[PDB]
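One file, start_35.txt, carrying compact mmCIF, N, CA and C atoms:
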```txt
# COMPACT_ATOMS: atom_id res chain seq x y z
N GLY A 784 70.65 217.38 51.73
CA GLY A 784 71.34 217.78 52.94
C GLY A 784 70.72 217.19 54.18
N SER A 785 71.38 217.37 55.32
CA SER A 785 70.88 216.85 56.59
C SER A 785 69.58 217.53 56.99
N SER A 786 68.97 217.04 58.06
CA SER A 786 67.71 217.60 58.55
C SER A 786 67.75 217.76 60.07
N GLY A 787 67.94 219.00 60.52
CA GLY A 787 68.00 219.27 61.94
C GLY A 787 66.62 219.51 62.54
N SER A 788 66.15 218.55 63.33
CA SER A 788 64.84 218.66 63.96
C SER A 788 64.82 219.79 64.98
N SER A 789 65.84 219.82 65.83
CA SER A 789 65.94 220.85 66.86
C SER A 789 66.11 222.23 66.24
N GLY A 790 65.07 223.05 66.34
CA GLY A 790 65.13 224.39 65.78
C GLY A 790 65.06 224.39 64.27
N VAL A 791 64.46 225.44 63.70
CA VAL A 791 64.34 225.56 62.25
C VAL A 791 64.70 226.96 61.78
N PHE A 792 65.37 227.04 60.64
CA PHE A 792 65.77 228.32 60.07
C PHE A 792 65.45 228.39 58.58
N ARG A 793 65.66 229.56 57.99
CA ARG A 793 65.38 229.76 56.58
C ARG A 793 66.68 229.74 55.77
N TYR A 794 66.82 228.73 54.91
CA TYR A 794 68.01 228.59 54.08
C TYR A 794 67.64 228.55 52.60
N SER A 795 66.64 227.74 52.27
CA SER A 795 66.19 227.61 50.89
C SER A 795 64.69 227.83 50.78
N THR A 796 64.27 228.49 49.70
CA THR A 796 62.85 228.77 49.48
C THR A 796 61.98 227.60 49.94
N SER A 797 60.73 227.90 50.27
CA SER A 797 59.79 226.88 50.73
C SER A 797 59.75 225.71 49.75
N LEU A 798 59.86 224.50 50.29
CA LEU A 798 59.84 223.29 49.47
C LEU A 798 58.45 222.66 49.47
N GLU A 799 58.10 222.01 48.37
CA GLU A 799 56.80 221.36 48.25
C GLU A 799 56.91 219.86 48.53
N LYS A 800 55.89 219.32 49.19
CA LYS A 800 55.87 217.90 49.52
C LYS A 800 54.57 217.25 49.05
N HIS A 801 53.45 217.93 49.27
CA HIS A 801 52.15 217.42 48.87
C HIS A 801 52.18 216.94 47.42
N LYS A 802 52.80 217.74 46.55
CA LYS A 802 52.90 217.40 45.14
C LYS A 802 53.52 216.02 44.95
N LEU A 803 53.12 215.33 43.89
CA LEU A 803 53.64 214.00 43.59
C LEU A 803 54.17 213.93 42.17
N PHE A 804 55.17 213.07 41.95
CA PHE A 804 55.76 212.90 40.63
C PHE A 804 55.70 211.45 40.19
N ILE A 805 55.18 211.22 38.99
CA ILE A 805 55.06 209.87 38.45
C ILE A 805 55.73 209.76 37.09
N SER A 806 56.69 208.85 36.97
CA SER A 806 57.41 208.65 35.72
C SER A 806 57.21 207.23 35.20
N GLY A 807 57.43 207.05 33.90
CA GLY A 807 57.27 205.74 33.30
C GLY A 807 55.82 205.39 33.05
N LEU A 808 55.10 206.30 32.40
CA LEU A 808 53.68 206.09 32.10
C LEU A 808 53.47 205.90 30.60
N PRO A 809 52.52 205.03 30.24
CA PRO A 809 52.20 204.74 28.84
C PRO A 809 51.51 205.92 28.15
N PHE A 810 52.04 206.32 27.01
CA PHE A 810 51.47 207.44 26.25
C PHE A 810 49.95 207.34 26.20
N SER A 811 49.44 206.12 26.08
CA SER A 811 48.00 205.89 26.02
C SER A 811 47.30 206.53 27.21
N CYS A 812 47.85 206.31 28.40
CA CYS A 812 47.27 206.86 29.62
C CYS A 812 46.73 208.27 29.38
N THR A 813 45.61 208.58 30.02
CA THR A 813 44.99 209.89 29.87
C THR A 813 44.76 210.55 31.23
N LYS A 814 44.69 211.88 31.23
CA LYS A 814 44.48 212.63 32.47
C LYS A 814 43.34 212.02 33.28
N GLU A 815 42.13 212.08 32.74
CA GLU A 815 40.96 211.53 33.41
C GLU A 815 41.32 210.27 34.20
N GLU A 816 41.85 209.28 33.49
CA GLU A 816 42.24 208.02 34.12
C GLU A 816 42.97 208.27 35.44
N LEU A 817 44.11 208.94 35.35
CA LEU A 817 44.91 209.24 36.54
C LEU A 817 44.09 210.03 37.55
N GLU A 818 43.23 210.91 37.06
CA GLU A 818 42.39 211.73 37.93
C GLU A 818 41.50 210.85 38.80
N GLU A 819 40.69 210.01 38.16
CA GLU A 819 39.79 209.12 38.88
C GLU A 819 40.56 208.25 39.87
N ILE A 820 41.75 207.81 39.46
CA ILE A 820 42.58 206.96 40.30
C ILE A 820 43.18 207.77 41.45
N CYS A 821 43.47 209.04 41.20
CA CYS A 821 44.05 209.91 42.21
C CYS A 821 43.03 210.21 43.31
N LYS A 822 41.84 210.65 42.90
CA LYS A 822 40.78 210.98 43.85
C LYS A 822 40.38 209.75 44.66
N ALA A 823 40.87 208.59 44.25
CA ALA A 823 40.57 207.34 44.94
C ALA A 823 41.28 207.27 46.29
N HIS A 824 42.38 208.01 46.41
CA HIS A 824 43.15 208.03 47.65
C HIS A 824 42.73 209.21 48.53
N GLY A 825 42.67 210.40 47.93
CA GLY A 825 42.28 211.58 48.67
C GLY A 825 41.74 212.68 47.77
N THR A 826 41.86 213.92 48.22
CA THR A 826 41.37 215.06 47.45
C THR A 826 42.40 215.52 46.42
N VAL A 827 41.99 215.57 45.16
CA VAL A 827 42.88 215.99 44.09
C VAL A 827 42.75 217.49 43.83
N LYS A 828 43.72 218.25 44.33
CA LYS A 828 43.72 219.70 44.15
C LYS A 828 43.91 220.07 42.68
N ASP A 829 44.90 219.44 42.05
CA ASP A 829 45.19 219.70 40.64
C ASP A 829 46.03 218.58 40.04
N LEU A 830 45.90 218.39 38.74
CA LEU A 830 46.65 217.34 38.04
C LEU A 830 47.16 217.84 36.69
N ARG A 831 48.44 217.61 36.43
CA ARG A 831 49.05 218.04 35.17
C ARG A 831 49.91 216.93 34.59
N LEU A 832 49.91 216.82 33.26
CA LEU A 832 50.69 215.80 32.57
C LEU A 832 51.78 216.43 31.71
N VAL A 833 53.03 216.11 32.01
CA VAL A 833 54.16 216.65 31.26
C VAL A 833 54.10 216.22 29.80
N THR A 834 53.77 217.17 28.93
CA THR A 834 53.67 216.90 27.50
C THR A 834 54.88 217.46 26.76
N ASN A 835 55.00 217.09 25.48
CA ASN A 835 56.11 217.56 24.66
C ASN A 835 55.70 218.77 23.83
N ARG A 836 56.65 219.31 23.07
CA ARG A 836 56.38 220.47 22.22
C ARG A 836 55.26 220.18 21.23
N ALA A 837 55.13 218.91 20.85
CA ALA A 837 54.10 218.50 19.91
C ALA A 837 52.82 218.10 20.64
N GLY A 838 52.87 218.12 21.96
CA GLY A 838 51.71 217.75 22.76
C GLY A 838 51.69 216.27 23.10
N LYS A 839 52.84 215.62 22.97
CA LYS A 839 52.94 214.19 23.26
C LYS A 839 53.35 213.97 24.72
N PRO A 840 52.80 212.91 25.33
CA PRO A 840 53.09 212.56 26.72
C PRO A 840 54.51 212.05 26.91
N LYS A 841 55.30 212.79 27.68
CA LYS A 841 56.69 212.41 27.94
C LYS A 841 56.76 211.29 28.97
N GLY A 842 55.61 210.92 29.51
CA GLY A 842 55.56 209.86 30.51
C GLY A 842 55.49 210.40 31.92
N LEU A 843 56.02 211.60 32.13
CA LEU A 843 56.01 212.23 33.44
C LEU A 843 54.66 212.90 33.72
N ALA A 844 54.22 212.82 34.97
CA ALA A 844 52.95 213.43 35.37
C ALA A 844 53.01 213.94 36.80
N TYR A 845 52.47 215.13 37.02
CA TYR A 845 52.46 215.74 38.34
C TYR A 845 51.06 215.73 38.94
N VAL A 846 50.99 215.60 40.26
CA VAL A 846 49.71 215.58 40.96
C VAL A 846 49.72 216.52 42.16
N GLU A 847 48.55 217.05 42.50
CA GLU A 847 48.42 217.97 43.63
C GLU A 847 47.27 217.55 44.54
N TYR A 848 47.59 217.33 45.81
CA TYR A 848 46.58 216.92 46.79
C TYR A 848 46.29 218.06 47.77
N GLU A 849 45.28 217.85 48.61
CA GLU A 849 44.90 218.86 49.60
C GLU A 849 45.69 218.68 50.89
N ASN A 850 45.85 217.43 51.31
CA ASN A 850 46.59 217.12 52.53
C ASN A 850 47.90 216.41 52.21
N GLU A 851 48.65 216.06 53.26
CA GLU A 851 49.92 215.37 53.09
C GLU A 851 49.75 213.86 53.22
N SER A 852 48.99 213.45 54.23
CA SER A 852 48.75 212.03 54.47
C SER A 852 48.14 211.36 53.23
N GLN A 853 47.21 212.06 52.59
CA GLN A 853 46.55 211.54 51.40
C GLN A 853 47.57 211.22 50.31
N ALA A 854 48.40 212.20 49.97
CA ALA A 854 49.42 212.02 48.95
C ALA A 854 50.32 210.83 49.27
N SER A 855 50.75 210.74 50.53
CA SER A 855 51.62 209.66 50.97
C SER A 855 51.03 208.30 50.59
N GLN A 856 49.78 208.08 50.98
CA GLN A 856 49.10 206.82 50.69
C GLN A 856 49.13 206.53 49.19
N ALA A 857 48.71 207.50 48.39
CA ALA A 857 48.70 207.35 46.94
C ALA A 857 50.08 206.99 46.41
N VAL A 858 51.11 207.52 47.06
CA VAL A 858 52.49 207.26 46.65
C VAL A 858 52.90 205.83 46.99
N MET A 859 52.45 205.35 48.15
CA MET A 859 52.77 204.00 48.59
C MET A 859 52.10 202.96 47.70
N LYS A 860 50.95 203.33 47.13
CA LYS A 860 50.21 202.43 46.25
C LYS A 860 50.66 202.59 44.81
N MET A 861 50.55 203.81 44.28
CA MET A 861 50.95 204.09 42.91
C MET A 861 52.40 203.68 42.67
N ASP A 862 53.24 203.85 43.69
CA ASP A 862 54.65 203.50 43.58
C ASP A 862 54.81 202.06 43.10
N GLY A 863 55.34 201.91 41.89
CA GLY A 863 55.54 200.58 41.33
C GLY A 863 54.23 199.89 41.00
N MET A 864 53.35 200.60 40.31
CA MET A 864 52.05 200.04 39.93
C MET A 864 51.98 199.80 38.43
N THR A 865 51.21 198.79 38.03
CA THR A 865 51.06 198.46 36.62
C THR A 865 49.88 199.20 36.01
N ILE A 866 50.12 199.87 34.88
CA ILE A 866 49.08 200.62 34.19
C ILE A 866 49.11 200.36 32.69
N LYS A 867 48.06 199.71 32.19
CA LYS A 867 47.97 199.39 30.77
C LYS A 867 49.17 198.58 30.31
N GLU A 868 49.66 197.71 31.19
CA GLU A 868 50.81 196.87 30.87
C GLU A 868 52.10 197.68 30.89
N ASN A 869 52.29 198.46 31.95
CA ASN A 869 53.48 199.29 32.09
C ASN A 869 53.73 199.65 33.55
N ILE A 870 54.82 199.15 34.10
CA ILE A 870 55.17 199.42 35.49
C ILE A 870 55.61 200.86 35.67
N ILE A 871 54.80 201.64 36.37
CA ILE A 871 55.11 203.05 36.62
C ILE A 871 55.61 203.25 38.04
N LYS A 872 56.54 204.19 38.20
CA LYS A 872 57.11 204.49 39.51
C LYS A 872 56.68 205.87 39.99
N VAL A 873 56.57 206.03 41.30
CA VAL A 873 56.17 207.31 41.89
C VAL A 873 57.29 207.90 42.74
N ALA A 874 57.24 209.21 42.94
CA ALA A 874 58.25 209.90 43.73
C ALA A 874 57.73 211.25 44.22
N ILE A 875 57.88 211.49 45.52
CA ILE A 875 57.43 212.75 46.12
C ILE A 875 58.17 213.94 45.52
N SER A 876 57.43 214.80 44.82
CA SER A 876 58.02 215.98 44.19
C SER A 876 58.70 216.86 45.23
N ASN A 877 59.94 216.53 45.57
CA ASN A 877 60.70 217.30 46.55
C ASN A 877 61.68 218.24 45.86
N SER A 878 62.48 217.70 44.96
CA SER A 878 63.47 218.49 44.23
C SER A 878 62.78 219.44 43.25
N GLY A 879 63.16 220.72 43.31
CA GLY A 879 62.57 221.70 42.42
C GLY A 879 63.53 222.83 42.09
N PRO A 880 63.51 223.89 42.91
CA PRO A 880 64.38 225.06 42.72
C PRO A 880 65.84 224.74 43.01
N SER A 881 66.62 224.56 41.95
CA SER A 881 68.04 224.25 42.08
C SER A 881 68.79 225.41 42.72
N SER A 882 69.24 225.21 43.96
CA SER A 882 69.97 226.25 44.68
C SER A 882 71.41 226.36 44.17
N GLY A 883 72.15 225.26 44.30
CA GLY A 883 73.53 225.25 43.84
C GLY A 883 74.41 224.33 44.67
```
Have the structure of the file written as structure tokens, please.
Amino acid sequence: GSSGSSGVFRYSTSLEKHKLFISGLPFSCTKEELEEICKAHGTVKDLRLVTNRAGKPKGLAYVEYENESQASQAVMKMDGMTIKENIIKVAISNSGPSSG
């Protein structure tokens, strides 16, 4: 939807921005790896890897930073980066609670 700068109201639950979303990652990739690489940009509040019912990496991975500027930088770099011979894409975890 649009974004009205002038004045702010409550329409949809608080949205998250700091969080980051990374898709297209090689199963080989491991948390630690992404962790060390994440802390390279800023403070890593928390890191989680979307696994399957069997515990297999679905390729998706979520990240949590302390500030906003930090995450942004990591997104500008990680966005379209090669990892273990695999081009991974990044995206600011904005979409979450499906309103309707």
### Task
Can you pull out every residue within 7 Å of residue 862 in chain A, counting only N, CA and C atoms, but drop anything in the same chain fewer than 6 positions away, and send it as number ranges by chain?
A: 871-874
### Task
Would you list the contacts of residue 857 in chain A as JSON, numbers by chain, taking every protein, DNA or RNA residue within 8 Å and counting all atoms listed in the file, but skipping same-chain residues closer than 6 positions in sequence?
{"A": [820, 821, 823, 824, 825, 873]}
### Task
Within 5 Å of residue 833 in chain A, counting all atoms listed in the file, which residues show up once you throw out same-chain ones fewer than 6 positions away? Write them as JSON, numbers by chain, please.
{"A": [840, 841, 843, 844]}
What does the file look like for those residues with N, CA and C atoms, as an mmCIF file, in the coordinates of the input?
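Saved the output as selection-v6.cif:
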```
data_model
loop_
_atom_site.group_PDB
_atom_site.id
_atom_site.type_symbol
_atom_site.label_atom_id
_atom_site.label_comp_id
_atom_site.auth_asym_id
_atom_site.auth_seq_id
_atom_site.Cartn_x
_atom_site.Cartn_y
_atom_site.Cartn_z
ATOM 1 N N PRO A 840 52.800 212.910 25.330
ATOM 2 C CA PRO A 840 53.090 212.560 26.720
ATOM 3 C C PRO A 840 54.510 212.050 26.910
ATOM 4 N N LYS A 841 55.300 212.790 27.680
ATOM 5 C CA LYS A 841 56.690 212.410 27.940
ATOM 6 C C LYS A 841 56.760 211.290 28.970
ATOM 7 N N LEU A 843 56.020 211.600 32.130
ATOM 8 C CA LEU A 843 56.010 212.230 33.440
ATOM 9 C C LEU A 843 54.660 212.900 33.720
ATOM 10 N N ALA A 844 54.220 212.820 34.970
ATOM 11 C CA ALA A 844 52.950 213.430 35.370
ATOM 12 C C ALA A 844 53.010 213.940 36.800
#
```
### Query
chain A: which residues are strand (DSSP E) by DSSP, as a count of residues only?
29
### Task
Just the residues within 8 Å of residue 809 in chain A, please, counting only C-alpha atoms, with nothing from its chain fewer than 6 positions along; format it as a PyMOL selection string.
chain A and resi 842+866-867+869
### Message
Using only C-alpha atoms, can you tell me which of A:796, A:807, A:846, A:828 comes closest to residue 863 in chain A?
### Response
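Checking each candidate against residue 863 in chain A, we get A:807 as the closest.
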### Message
Using DSSP assignments from the backbone, pull out every residue in chain A that falls under helix (DSSP H, G or I) and give it to me as JSON, numbers by chain.
### Response
{"A": [814, 815, 816, 817, 818, 819, 820, 821, 851, 852, 853, 854, 855, 856, 857, 858, 859, 860, 861]}
### Task
To one decimal in Å, tell me the separation between CA of residue 881 in chain A and CA of residue 794 in chain A.
12.8 Å
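Nearest to residue 883 in chain A of all the residues A:784, A:792, A:816, A:804 is A:784, based on only C-alpha atoms.
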Would you place a box with edges along x, y and z of the file around all atoms of range 838-842 of chain A listed there, add 4 Å to each of its six sides, and report the centre and edge lengths in Å to one decimal, as AutoDock Vina command-line options?
```
--center_x 54.2 --center_y 214.0 --center_z 26.9 --size_x 13.1 --size_y 16.3 --size_z 18.0
```
### Task
Between atom N of residue 810 in chain A and CA of residue 838 in chain A, measure the distance and give it in Å to one decimal.
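Value for the atom N of residue 810 in chain A-CA of residue 838 in chain A distance: 12.2 Å.
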Could you give me range 795-818 of chain A completed to N, CA, C and O atoms, formatted as a PDB file, in the frame of the given file?
```
ATOM      1  N   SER A 795      66.640 227.740  52.270  1.00  0.00           N
ATOM      2  CA  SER A 795      66.190 227.610  50.890  1.00  0.00           C
ATOM      3  C   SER A 795      64.690 227.830  50.780  1.00  0.00           C
ATOM      4  O   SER A 795      63.922 227.428  51.660  1.00  0.00           O
ATOM      5  N   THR A 796      64.270 228.490  49.700  1.00  0.00           N
ATOM      6  CA  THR A 796      62.850 228.770  49.480  1.00  0.00           C
ATOM      7  C   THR A 796      61.980 227.600  49.940  1.00  0.00           C
ATOM      8  O   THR A 796      62.438 226.461  50.005  1.00  0.00           O
ATOM      9  N   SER A 797      60.730 227.900  50.270  1.00  0.00           N
ATOM     10  CA  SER A 797      59.790 226.880  50.730  1.00  0.00           C
ATOM     11  C   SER A 797      59.750 225.710  49.750  1.00  0.00           C
ATOM     12  O   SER A 797      59.616 225.892  48.542  1.00  0.00           O
ATOM     13  N   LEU A 798      59.860 224.500  50.290  1.00  0.00           N
ATOM     14  CA  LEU A 798      59.840 223.290  49.470  1.00  0.00           C
ATOM     15  C   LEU A 798      58.450 222.660  49.470  1.00  0.00           C
ATOM     16  O   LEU A 798      57.712 222.762  50.453  1.00  0.00           O
ATOM     17  N   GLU A 799      58.100 222.010  48.370  1.00  0.00           N
ATOM     18  CA  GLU A 799      56.800 221.360  48.250  1.00  0.00           C
ATOM     19  C   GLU A 799      56.910 219.860  48.530  1.00  0.00           C
ATOM     20  O   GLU A 799      57.888 219.218  48.162  1.00  0.00           O
ATOM     21  N   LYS A 800      55.890 219.320  49.190  1.00  0.00           N
ATOM     22  CA  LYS A 800      55.870 217.900  49.520  1.00  0.00           C
ATOM     23  C   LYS A 800      54.570 217.250  49.050  1.00  0.00           C
ATOM     24  O   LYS A 800      54.588 216.150  48.486  1.00  0.00           O
ATOM     25  N   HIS A 801      53.450 217.930  49.270  1.00  0.00           N
ATOM     26  CA  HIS A 801      52.150 217.420  48.870  1.00  0.00           C
ATOM     27  C   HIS A 801      52.180 216.940  47.420  1.00  0.00           C
ATOM     28  O   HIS A 801      51.662 215.874  47.091  1.00  0.00           O
ATOM     29  N   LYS A 802      52.800 217.740  46.550  1.00  0.00           N
ATOM     30  CA  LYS A 802      52.900 217.400  45.140  1.00  0.00           C
ATOM     31  C   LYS A 802      53.520 216.020  44.950  1.00  0.00           C
ATOM     32  O   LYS A 802      54.349 215.587  45.755  1.00  0.00           O
ATOM     33  N   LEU A 803      53.120 215.330  43.890  1.00  0.00           N
ATOM     34  CA  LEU A 803      53.640 214.000  43.590  1.00  0.00           C
ATOM     35  C   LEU A 803      54.170 213.930  42.170  1.00  0.00           C
ATOM     36  O   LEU A 803      53.685 214.623  41.275  1.00  0.00           O
ATOM     37  N   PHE A 804      55.170 213.070  41.950  1.00  0.00           N
ATOM     38  CA  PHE A 804      55.760 212.900  40.630  1.00  0.00           C
ATOM     39  C   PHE A 804      55.700 211.450  40.190  1.00  0.00           C
ATOM     40  O   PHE A 804      56.118 210.547  40.923  1.00  0.00           O
ATOM     41  N   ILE A 805      55.180 211.220  38.990  1.00  0.00           N
ATOM     42  CA  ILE A 805      55.060 209.870  38.450  1.00  0.00           C
ATOM     43  C   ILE A 805      55.730 209.760  37.090  1.00  0.00           C
ATOM     44  O   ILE A 805      55.388 210.493  36.156  1.00  0.00           O
ATOM     45  N   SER A 806      56.690 208.850  36.970  1.00  0.00           N
ATOM     46  CA  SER A 806      57.410 208.650  35.720  1.00  0.00           C
ATOM     47  C   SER A 806      57.210 207.230  35.200  1.00  0.00           C
ATOM     48  O   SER A 806      56.872 206.324  35.955  1.00  0.00           O
ATOM     49  N   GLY A 807      57.430 207.050  33.900  1.00  0.00           N
ATOM     50  CA  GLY A 807      57.270 205.740  33.300  1.00  0.00           C
ATOM     51  C   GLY A 807      55.820 205.390  33.050  1.00  0.00           C
ATOM     52  O   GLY A 807      55.351 204.318  33.431  1.00  0.00           O
ATOM     53  N   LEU A 808      55.100 206.300  32.400  1.00  0.00           N
ATOM     54  CA  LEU A 808      53.680 206.090  32.100  1.00  0.00           C
ATOM     55  C   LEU A 808      53.470 205.900  30.600  1.00  0.00           C
ATOM     56  O   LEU A 808      54.133 206.529  29.771  1.00  0.00           O
ATOM     57  N   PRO A 809      52.520 205.030  30.240  1.00  0.00           N
ATOM     58  CA  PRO A 809      52.200 204.740  28.840  1.00  0.00           C
ATOM     59  C   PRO A 809      51.510 205.920  28.150  1.00  0.00           C
ATOM     60  O   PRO A 809      50.514 206.446  28.656  1.00  0.00           O
ATOM     61  N   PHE A 810      52.040 206.320  27.010  1.00  0.00           N
ATOM     62  CA  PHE A 810      51.470 207.440  26.250  1.00  0.00           C
ATOM     63  C   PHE A 810      49.950 207.340  26.200  1.00  0.00           C
ATOM     64  O   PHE A 810      49.255 208.355  26.271  1.00  0.00           O
ATOM     65  N   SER A 811      49.440 206.120  26.080  1.00  0.00           N
ATOM     66  CA  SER A 811      48.000 205.890  26.020  1.00  0.00           C
ATOM     67  C   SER A 811      47.300 206.530  27.210  1.00  0.00           C
ATOM     68  O   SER A 811      46.286 207.214  27.058  1.00  0.00           O
ATOM     69  N   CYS A 812      47.850 206.310  28.400  1.00  0.00           N
ATOM     70  CA  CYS A 812      47.270 206.860  29.620  1.00  0.00           C
ATOM     71  C   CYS A 812      46.730 208.270  29.380  1.00  0.00           C
ATOM     72  O   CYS A 812      47.318 209.052  28.635  1.00  0.00           O
ATOM     73  N   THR A 813      45.610 208.580  30.020  1.00  0.00           N
ATOM     74  CA  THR A 813      44.990 209.890  29.870  1.00  0.00           C
ATOM     75  C   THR A 813      44.760 210.550  31.230  1.00  0.00           C
ATOM     76  O   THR A 813      44.649 209.869  32.250  1.00  0.00           O
ATOM     77  N   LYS A 814      44.690 211.880  31.230  1.00  0.00           N
ATOM     78  CA  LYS A 814      44.480 212.630  32.470  1.00  0.00           C
ATOM     79  C   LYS A 814      43.340 212.020  33.280  1.00  0.00           C
ATOM     80  O   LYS A 814      43.559 211.511  34.382  1.00  0.00           O
ATOM     81  N   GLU A 815      42.130 212.080  32.740  1.00  0.00           N
ATOM     82  CA  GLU A 815      40.960 211.530  33.410  1.00  0.00           C
ATOM     83  C   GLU A 815      41.320 210.270  34.200  1.00  0.00           C
ATOM     84  O   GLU A 815      41.126 210.206  35.409  1.00  0.00           O
ATOM     85  N   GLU A 816      41.850 209.280  33.490  1.00  0.00           N
ATOM     86  CA  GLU A 816      42.240 208.020  34.120  1.00  0.00           C
ATOM     87  C   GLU A 816      42.970 208.270  35.440  1.00  0.00           C
ATOM     88  O   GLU A 816      42.503 207.868  36.502  1.00  0.00           O
ATOM     89  N   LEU A 817      44.110 208.940  35.350  1.00  0.00           N
ATOM     90  CA  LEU A 817      44.910 209.240  36.540  1.00  0.00           C
ATOM     91  C   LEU A 817      44.090 210.030  37.550  1.00  0.00           C
ATOM     92  O   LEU A 817      44.236 209.842  38.762  1.00  0.00           O
ATOM     93  N   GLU A 818      43.230 210.910  37.060  1.00  0.00           N
ATOM     94  CA  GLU A 818      42.390 211.730  37.930  1.00  0.00           C
ATOM     95  C   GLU A 818      41.500 210.850  38.800  1.00  0.00           C
ATOM     96  O   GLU A 818      41.542 210.934  40.028  1.00  0.00           O
TER      97      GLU A 818
END
```
